[PDB]
Amino acid sequence: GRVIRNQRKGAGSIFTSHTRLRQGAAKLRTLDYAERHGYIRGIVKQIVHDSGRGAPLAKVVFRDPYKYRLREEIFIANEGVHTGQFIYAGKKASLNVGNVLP
Amino acid sequence: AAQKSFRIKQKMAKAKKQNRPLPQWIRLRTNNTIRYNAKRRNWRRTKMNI
Amino acid sequence: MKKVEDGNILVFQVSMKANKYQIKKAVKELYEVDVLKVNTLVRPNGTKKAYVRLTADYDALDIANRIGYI
Amino acid sequence: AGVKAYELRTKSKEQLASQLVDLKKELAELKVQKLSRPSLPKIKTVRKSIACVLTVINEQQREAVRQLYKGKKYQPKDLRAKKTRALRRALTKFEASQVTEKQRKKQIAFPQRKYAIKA
Amino acid sequence: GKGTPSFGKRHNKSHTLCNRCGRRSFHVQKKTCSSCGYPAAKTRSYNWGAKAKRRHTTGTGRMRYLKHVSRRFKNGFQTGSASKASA
RNA sequence: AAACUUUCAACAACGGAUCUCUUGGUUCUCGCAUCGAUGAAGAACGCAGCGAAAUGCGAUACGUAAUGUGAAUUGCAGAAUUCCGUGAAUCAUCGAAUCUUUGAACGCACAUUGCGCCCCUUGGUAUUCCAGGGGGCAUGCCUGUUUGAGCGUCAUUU
RNA sequence: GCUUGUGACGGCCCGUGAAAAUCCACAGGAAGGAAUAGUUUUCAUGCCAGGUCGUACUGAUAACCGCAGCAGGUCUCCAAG
RNA sequence: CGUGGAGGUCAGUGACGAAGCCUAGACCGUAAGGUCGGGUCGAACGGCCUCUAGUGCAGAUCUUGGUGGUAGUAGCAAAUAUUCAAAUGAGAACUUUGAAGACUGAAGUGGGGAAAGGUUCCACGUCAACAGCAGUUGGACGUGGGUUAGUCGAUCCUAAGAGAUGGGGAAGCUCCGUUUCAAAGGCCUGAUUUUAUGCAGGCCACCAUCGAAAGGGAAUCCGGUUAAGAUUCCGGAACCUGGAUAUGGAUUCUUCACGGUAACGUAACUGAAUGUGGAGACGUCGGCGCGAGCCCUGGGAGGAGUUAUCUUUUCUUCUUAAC
RNA sequence: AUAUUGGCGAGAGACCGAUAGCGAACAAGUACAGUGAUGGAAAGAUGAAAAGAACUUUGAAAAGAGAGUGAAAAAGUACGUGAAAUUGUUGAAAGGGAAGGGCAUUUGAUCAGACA
Ligand SMILES: [Mg+2]
Ligand SMILES: [Mg+2]
Ligand SMILES: [Mg+2]
Ligand SMILES: [Mg+2]
Ligand SMILES: [Mg+2]
Ligand SMILES: [Mg+2]
Ligand SMILES: [Mg+2]
Ligand SMILES: [Mg+2]
Ligand SMILES: [Mg+2]
Ligand SMILES: [Mg+2]
Ligand SMILES: [Mg+2]
Ligand SMILES: [Mg+2]
Ligand SMILES: [Mg+2]
Ligand SMILES: [Mg+2]
Ligand SMILES: [Mg+2]
Ligand SMILES: [Mg+2]
Ligand SMILES: [Mg+2]
Ligand SMILES: [Mg+2]
Ligand SMILES: [Mg+2]
Ligand SMILES: [Mg+2]
Ligand SMILES: [Mg+2]
Ligand SMILES: [Mg+2]
Ligand SMILES: [Mg+2]
Ligand SMILES: [Mg+2]
Ligand SMILES: [Mg+2]
Ligand SMILES: [Mg+2]
Ligand SMILES: [Mg+2]
Ligand SMILES: [Mg+2]
Ligand SMILES: [Mg+2]
Ligand SMILES: [Mg+2]
Ligand SMILES: [Mg+2]
Ligand SMILES: [Mg+2]
Ligand SMILES: [Mg+2]
Ligand SMILES: [Mg+2]
Ligand SMILES: [Mg+2]
Ligand SMILES: [Mg+2]
Ligand SMILES: [Mg+2]
Ligand SMILES: [Mg+2]
Ligand SMILES: [Mg+2]
Ligand SMILES: [Mg+2]
Ligand SMILES: [Mg+2]
Ligand SMILES: [Mg+2]
Ligand SMILES: [Mg+2]
Ligand SMILES: [Mg+2]
Ligand SMILES: [Mg+2]
Ligand SMILES: [Mg+2]
Ligand SMILES: [Mg+2]
Ligand SMILES: [Mg+2]
Ligand SMILES: [Mg+2]
Ligand SMILES: [Mg+2]
Ligand SMILES: [Mg+2]
Ligand SMILES: [Mg+2]
Ligand SMILES: [Mg+2]
Ligand SMILES: [Mg+2]
Ligand SMILES: [Mg+2]
Ligand SMILES: [Mg+2]
Ligand SMILES: [Mg+2]
Ligand SMILES: [Mg+2]
Ligand SMILES: [Mg+2]
Ligand SMILES: [Mg+2]
Ligand SMILES: [Mg+2]
Ligand SMILES: [Mg+2]
Ligand SMILES: [Mg+2]
Ligand SMILES: [Mg+2]
Ligand SMILES: [Mg+2]
Ligand SMILES: [Mg+2]
Ligand SMILES: [Mg+2]
Ligand SMILES: [Mg+2]
Ligand SMILES: [Mg+2]
Ligand SMILES: [Mg+2]
Ligand SMILES: [Mg+2]
Ligand SMILES: [Mg+2]
Ligand SMILES: [Mg+2]
Ligand SMILES: [Mg+2]
Ligand SMILES: [Mg+2]
Ligand SMILES: [Mg+2]
Ligand SMILES: [Mg+2]
Ligand SMILES: [Mg+2]
Ligand SMILES: [Mg+2]
Ligand SMILES: [Mg+2]
Ligand SMILES: [Mg+2]
Ligand SMILES: [Mg+2]
Ligand SMILES: [Mg+2]
Ligand SMILES: [Mg+2]
Ligand SMILES: [Mg+2]
Ligand SMILES: [Mg+2]
Ligand SMILES: [Mg+2]
Ligand SMILES: [Mg+2]
Ligand SMILES: [Mg+2]
Ligand SMILES: [Mg+2]
Ligand SMILES: [Mg+2]
Ligand SMILES: [Mg+2]
Ligand SMILES: [Mg+2]
Ligand SMILES: [Mg+2]
Ligand SMILES: [Mg+2]
Ligand SMILES: [Mg+2]
Ligand SMILES: [Mg+2]
Ligand SMILES: [Mg+2]
Ligand SMILES: [Mg+2]
Ligand SMILES: [Mg+2]
Ligand SMILES: [Mg+2]
Ligand SMILES: [Mg+2]
Ligand SMILES: [Mg+2]
Ligand SMILES: [Mg+2]
Ligand SMILES: [Mg+2]
Ligand SMILES: [Zn+2]
């Protein structure tokens, strides 16, 4: 007989994710030199809804240590973090909500 | 339709020209055998299929 | 013919391959005439018609029976 | 009438170039005429003459180039022989008749003798 | 309503004209022609379908070039031209 | 007794059997070896004084050059200078050309007559903007040429 | 009043309701620039040019799909008393 | 017994009529069949001995074609509806015009478009077929004519998605990958005053492309005009983009403008790399506010209708585009 | 030396004879159907020669009636022959709810042979 439903899901025809509206992938900073020897400051610029996600995202922007420009990251917001807050990422950083630590 | 590719316009053009009756002087030729135009086409009895 | 008497326009059947620039220059060259603007269109027998407007110095009607048609 | 080919061929580059321009003026006029006249077969022969001139004009420029390439490696692909794609690849007689140095010796020393039976 | 009232909405082309074989067998969304295979470099054809081949082989056309090969072959592929005689 | 029905015949209908035809088909046999990037097979659109097709051909368009023949072509018109002749012809032959838009199809695309780059030239007061003419730019791979890369690696400087 | 357009507001959401071409601005200060005369076309006025293809009509109880001038089907705008 | 074809033969029949077809005319055979006359016809054909097979029909819901009874029969009855006269014409229930009676009732039987058709559009001519009566009429037939753009669309952009490329699979047709384990490419001017463009920097590492005639998007409007085109022609009046450019104004001896406490003003008022910001750019419903067009309405200046009687009345014109 | 339902060029047949033979003897892989892959017909013959019917007449015309051509219009671009089903007309006959059939003879019609 027929191919049952849970076998058709794998080919992802009508079955792929509905993606058009999502903010982007949520990811920590690339574990570069700053973050693994010291820390680096950022600012959450916006905390924002991601379609089809439970929890809001936080756009957090940092300085490029190697070029003159702003590189913006997408975090999943922890409860409490706020627009304007300063976020610290790095080995030698301090232990408050929002920061990112090994 | 009503806003066509040139490809389609072209074909329609060619079509119009093939839509005359047999030029009656062919009838007079030695050994002529063609009586009338046996490939005539009419916009409401046979569709062009582009 | 009417566009020729009333409009100062020469109407030519013209190569499909050729553009508004080419039609203009070729009239200019072949007929000793100055041209204002040139509209074109594809006829339904798939051939191209150029409405050719001459400048106000020229009398296209005069120029019609000099190329020799009437 | 209708221009002759062998009479075109004694004219010069810019005599033929002009004659062409005349038939083209000619032909332009007949076509103006043709649409006032219930038949105009004279046109057939003026538009065959144009062909003729063009043919000759082209003929001459061609055996011009052909000569100034006559006798060299490399010459325009369309003055090369046509033959056939295969024929055109195909070992040349030289690269085909080629025989091993060792074989040549043999061909010389022991070639097929003419002989006869009877006595 | 599966018959004639549903035929009423037949007004979109699945196939248009094929450039290589001009046939209205050019599937728009698939971008290939169901007759001739375009734009596959090769030409669709199949041994189980012989009328189909018969319908399209060499000679069903102008043979603009191939026409003349067998004469050319007879004359040993002559270069140059023919001269003259008399009468 | 008509009318009607039916049966037979003659003349006439309907239909296209039958006989007789056959530039076709089928099958056998003999000789032969030639498609294509030098753009094939195939497609599309065109081309005649008067053609919708079939056949032919490609803007040089039912044809151009050459060669042989030696007076047609023909449905009508026509040329008329072409008939003891470098010469008729919808003739044959074919060695020379022309060969639109395409197609393996090759600058990129193509449900678009859509969109670049390069060289030479011409016009617009222009190396730069616009326009016309001509000539070019796909991919893999081989031999070679030139410019290069790598502390892969040898020598040679002071 | 009616249709439409628009504004500042308000309800809703475990729904919070595209992308890219393209245009401008700003931060920056490389640079280039005057007195015997320089800088300026984001001020005004003035010169030249603008290709290619489509454009007819029907859109339905007869111009489309249903063997057809078929009581079927087939996306939409305008809307008086 | 009969058929198509083959070898032999009758020096067979025949345009002075072969073959075929018709004939309640004749004759031979138990029969398959054979023979003849007459009519029709027009080019070939037959007897005997033998050879040969695609060789004999009433059936197979047999195949193709043709034809009947049914039968002038079922029927041509949905969508309110028609009428008088003239003209035309061989012919008029059906064409044209005038009159009258109605209908659709702006959620249209109105005015336009999208898909799809492709000339049906328009003129002239015109009735053999076709429009299940008709036909002088037609979306039929014959012959012609007609579709005008810098500003409307396409073209550009990107969406779901599609899909080349260094590659990896697969015997292979080809499958996977789309920035992916790739040495992936090009702009600004400088250096030239052998000269046309090599090197000098500095960047920028964005990695094809196709995919919307409803999404995004540079820019045009009114009037007029045709048998048939019009935001496309004519007229007038604008706008955008690219390219060139000079004249004026502005600005500078405090070189790269002043003024305003400020929000900010203005005709201008240099600005490379690099960076950033904004616009493009965005759900839905609800009431409230305002605009436009329409609706209703007073006065006045026209025109039309009704008027036995009544009505300073009924109807209508009085408009203003982009920029 | 072997192969060959393709290609080019040739000679053939106790083959088929227009429903046959290839699907196609013809503007046939056409016209037409299907979104597409694909499916795919019918359709040859006036006569030696168009001599393809001048002219008159009736008709709106198509045509009819005459005339004419021709060996023939009992060949008229419906065209060689022109069967059958099935039809019109004329003539003959029969018929009280089918028709047709067998043996036999009357009556009508028609006919062979034989006499000499
Ligand atoms: Mg299964
Ligand atoms: Mg996905
Ligand atoms: Mg005038
Ligand atoms: Mg245009
Ligand atoms: Mg000649
Ligand atoms: Mg070569
Ligand atoms: Mg269907
Ligand atoms: Mg589809
Ligand atoms: Mg595919
Ligand atoms: Mg391809
Ligand atoms: Mg009585
Ligand atoms: Mg009779
Ligand atoms: Mg027969
Ligand atoms: Mg014969
Ligand atoms: Mg044969
Ligand atoms: Mg033989
Ligand atoms: Mg092929
Ligand atoms: Mg021909
Ligand atoms: Mg001729
Ligand atoms: Mg000669
Ligand atoms: Mg010839
Ligand atoms: Mg050419
Ligand atoms: Mg390509
Ligand atoms: Mg192109
Ligand atoms: Mg070019
Ligand atoms: Mg190499
Ligand atoms: Mg080297
Ligand atoms: Mg609305
Ligand atoms: Mg919101
Ligand atoms: Mg802005
Ligand atoms: Mg510097
Ligand atoms: Mg300016
Ligand atoms: Mg350009
Ligand atoms: Mg329109
Ligand atoms: Mg209609
Ligand atoms: Mg239809
Ligand atoms: Mg159909
Ligand atoms: Mg309907
Ligand atoms: Mg026997
Ligand atoms: Mg026999
Ligand atoms: Mg047989
Ligand atoms: Mg009988
Ligand atoms: Mg007898
Ligand atoms: Mg007889
Ligand atoms: Mg007889
Ligand atoms: Mg005969
Ligand atoms: Mg026997
Ligand atoms: Mg049998
Ligand atoms: Mg039987
Ligand atoms: Mg039978
Ligand atoms: Mg039976
Ligand atoms: Mg039986
Ligand atoms: Mg039967
Ligand atoms: Mg009746
Ligand atoms: Mg009745
Ligand atoms: Mg009924
Ligand atoms: Mg009634
Ligand atoms: Mg009714
Ligand atoms: Mg009526
Ligand atoms: Mg009403
Ligand atoms: Mg209502
Ligand atoms: Mg209606
Ligand atoms: Mg309309
Ligand atoms: Mg249509
Ligand atoms: Mg009309
Ligand atoms: Mg009639
Ligand atoms: Mg009709
Ligand atoms: Mg009728
Ligand atoms: Mg009638
Ligand atoms: Mg017409
Ligand atoms: Mg027409
Ligand atoms: Mg626009
Ligand atoms: Mg463009
Ligand atoms: Mg792929
Ligand atoms: Mg695109
Ligand atoms: Mg668009
Ligand atoms: Mg749009
Ligand atoms: Mg006009
Ligand atoms: Mg209109
Ligand atoms: Mg207007
Ligand atoms: Mg204007
Ligand atoms: Mg103006
Ligand atoms: Mg400008
Ligand atoms: Mg100032
Ligand atoms: Mg930006
Ligand atoms: Mg934004
Ligand atoms: Mg949007
Ligand atoms: Mg505007
Ligand atoms: Mg063979
Ligand atoms: Mg033999
Ligand atoms: Mg057959
Ligand atoms: Mg047989
Ligand atoms: Mg058949
Ligand atoms: Mg034949
Ligand atoms: Mg047919
Ligand atoms: Mg015959
Ligand atoms: Mg016949
Ligand atoms: Mg004949
Ligand atoms: Mg008669
Ligand atoms: Mg005789
Ligand atoms: Mg006879
Ligand atoms: Mg006869
Ligand atoms: Mg006749
Ligand atoms: Mg007959
Ligand atoms: Mg009896
Ligand atoms: Zn194809």
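All residue numbers given for chain E refer to Swiss-Prot; the residues shown span 2-88 in order.
If you check the header, you will see the structure was determined by X-ray crystallography, 3.0 Å.
Cβ coordinates come from backbone N, Cα and C, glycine included.
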From the ranges E:19-37, E:38-56, grab the one Swiss-Prot calls zinc finger.
E:19-37
For the zinc finger (E:19-37), jot down how many residues DSSP puts in helix, in strand and in coil.
0 helix, 4 strand, 15 coil
Restricting to the same chain and to sequence separations of six or more, state which residues have a Cβ under 8 Å from that of E:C19 (Zn(2+) binding site).
E:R25, E:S26, E:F27, E:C34, E:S36, E:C37, E:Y39
Around the recorded Zn(2+) site (E:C19, E:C22, E:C34, E:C37), other residues with Cβ within 8 Å of the Cβ centre, ordered by sequence, are E:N20, E:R21, E:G23, E:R24, E:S26, E:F27, E:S35, E:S36, E:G38, E:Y39, E:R45
Residue among binding-site residues E:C22, E:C34, E:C37 with least C-beta crowding, 10 angstrom cut-off
E:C22
